[PDB]
Structures are given as C-alpha cells and as structure tokens.
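Next up: just one chain, as structure tokens, the form deposited without the ligand.
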C-alpha cells in the first residue's frame, strides 16, 4: 500500500519531527491547506509506526507521495531556492529609484515570494508586510470580468493591444492602462451597489490567494479620491464617448476604482495569486478552480504586451514573462506552467516600475530557461530548474 511504500521511503518507527523536516524539504509548507487532515492527526498526539503513520497520512496520500517521489514541477526545490536567494541579494545592491512621493515610508524594504504551480513556497526579505496592489490589481479584475462575462462580451468595451485614451473603435486601448481598467471596473457585477460589488471582488481575490492575506488600506483610498483629477478627467471623457455599459453611474465607478487600487496583499499572498495564473486558473495551494482558462489566457496575453507601462516591449523582449507592476512597488510575475511570484520594493524608476524588481526579473530569466521563447531542449548555459541533475 501507498503509505507503507512511503513509510519505507522515509524509514529503516519514525520520529515525528524527522517527518516534518522531510516534508518541508520537498518545498511544501506545514500550513498547506491540502495538508490539513494529516496535520490534524499529528496534532492529536512523538514516534510513529506503520499503523500510527498510515493513520495520519491516509487522507492526504496522493499528494504526499507526489512530493516525496520528487514529482513536483521543481524536483530540487532546495537548490532552486538558493538561486532565488542569490538573485534577491544581487538585486538588493541596486540602490536607485524614487518612492511615490504622494507611499511615504522606508526605501529600504524589498521582498520576493515564489509559489510553484504545485504549492511549493519560498520567501526572502520583507514578504509579510502588506502593501497596496495599485495597478497590480488590473489583470485580476480583468480576469474576474472575463471569467464571469467572457472574452466576447468584455471586449465589446475595451481593447486588446498597446498604444490619447481611445483606439480605432473608440475603446480604451487595453485594460492594463487606467482608461481600460476603469471601463473593466464598470463591467464587474452590475446591478448591485458598490459595497456589494466590492465584497464580491474581495471574495474572488480570496480564492485566488488560497485564503492568504488580503486586506484594505483606507489611508490609500483617501489619497486616491484626493489626487484623482487625472482619473476624473478620463471618467468624463469615457462618459462622453459612451464607453460604459448602459445604466452606469460613472462617478460611482471611479470611487469603486479607487477602492480596488487600495486593496492590500503581501509578497506571500500575492505570489499565490500569481501562482493561480501560472496554473490554468487552479489555485495551487487548495486545488480549487478559480478562473476560466479563457480568463487566464487573456490575462496572461495582455500582461505580456502591456504590463510594464512604457517599458513593456523592452520587458517582453528581454524577459518574456507576463508581469504587471504597480505604483506601490509590486511586480506580479507569472512563469506559465511553473510558478507565480510577487516582488516588492517601494523605489520606482522613471517609467514607474520597482527598480529592484526589474533587476530581479531580468536576472531570473538570464539564469533559467523561463523566457517564453526559450527552448526546453537546447538552451545553452542557462539552467532548467525543472530537471533533476
């Protein structure tokens, strides 16, 4: 039987701690939601045997086996993890950039979290501090919209390419720019009032993050409606051009838009969000299906072309990964079929992207064959974390 087979794999009686260290090794976290029952059993008890063991691991056997038979998308997780630490310390040195002077804390924070498509977790630095999604949320509400309404409908209102405000057919160029994000906001969960629409998006972000940290920054929501002249301008221009769905309260939508920009996450929780996008719309730490593959494909496409503001082409060329930056200092990054990530560092460059975060993404792809158009079979001197030795 599997838990016998596995009992031998890990033994030659078993000391409990010695099984925990074995597990964390595979990349998994003790807290893993899919590992609940097993941890519940172990928490009813310090030295297992085939009967005691089988008793606990029974309910989560398929997963535990796949982790211990090194069948995760990244077999040598410990090795891959120390490279990430190298990349982190390397990007730490880069001390350029200005903080959003309108943000107001320390320019000495920096964090990276990884969540594989298999649930494997890693962090370095300030990964547990909450910060604001800002523009990092634009791909998310877009996914939500398409998930609920579908490509066809959603792109009656917004465009699908890069760049003024309005494209050929008088739609905002795409939903990664404010004009387009504002429109997309007006499509989500119509009819109900804003408070309820908001509760709904928060619920959706919760599934996306496997229920890890998602919060809200009223401080930020106030600064946004505060300095939102530019955004109000766009709003009226959109109203005038009849860009919204019938029966829309435009001033209402802007207010909604600002709340969404003030949603909080951490490197860790966000990395899980990113991971769901890596993973076909399935949240990798709960196994729950959150987004239609169609919403995920569309989101990854437009992140690719339009995710790093003015720097999107340079980025697509040298990095080749769907990412999305935001003004609080985040870079949501997705490596399809492998992992999702969240990089956070307050100081931005001219173009509005986290300086350290940009340094990190470049280094990452220069190291491993994660570039969209890297070949998995011949890739020169890069390394492939997906392979054993």
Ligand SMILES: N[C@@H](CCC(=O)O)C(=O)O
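Numbering follows the first chain given and starts at 1.
Form deposited with the ligand bound: not shown, discussed below.
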{"query": "Pocket open vs blocked [the ligand transferred in the entry with it bound by site C-alpha superposition; 2.4 Å, backbone or C-beta, 3 atoms]", "finding": "open"}
{"query": "Contact assignment for the ligand in the entry with it bound, among 327, 57, 28, 321, heavy atom within 4.5 Å", "finding": "327"}
{"query": "Answer option from 213, 244, 309, 198, heavy atom within 4.5 Å of the ligand in the entry with it bound", "finding": "309"}
{"query": "Non-hydrogen atom within 4.5 angstroms of the ligand in the entry with it bound for each of 224, 257 and 261", "finding": "yes"}
{"query": "Location of the ligand contact in the entry with it bound, chosen stretch of 127-135, 283-291, 108-116, 75-83 [non-hydrogen atom, 4.5 Å]", "finding": "127-135"}
{"query": "Exercise: residue 217 in contact with the ligand in the entry with it bound, heavy atom 4.5 Å", "finding": "no"}
{"query": "The ligand contact at residue 232 in the entry with it bound, heavy atom, 4.5 Å", "finding": "no"}
{"query": "Exercise: residue 102 in contact with the ligand in the entry with it bound, heavy atom 4.5 Å", "finding": "yes"}
{"query": "Contact of residue 123 with the ligand in the entry with it bound (heavy atom, 4.5 Å)", "finding": "no"}
{"query": "Stretch 193-216 - residues with a heavy atom within 4.5 Å of the ligand in the entry with it bound", "finding": "none"}
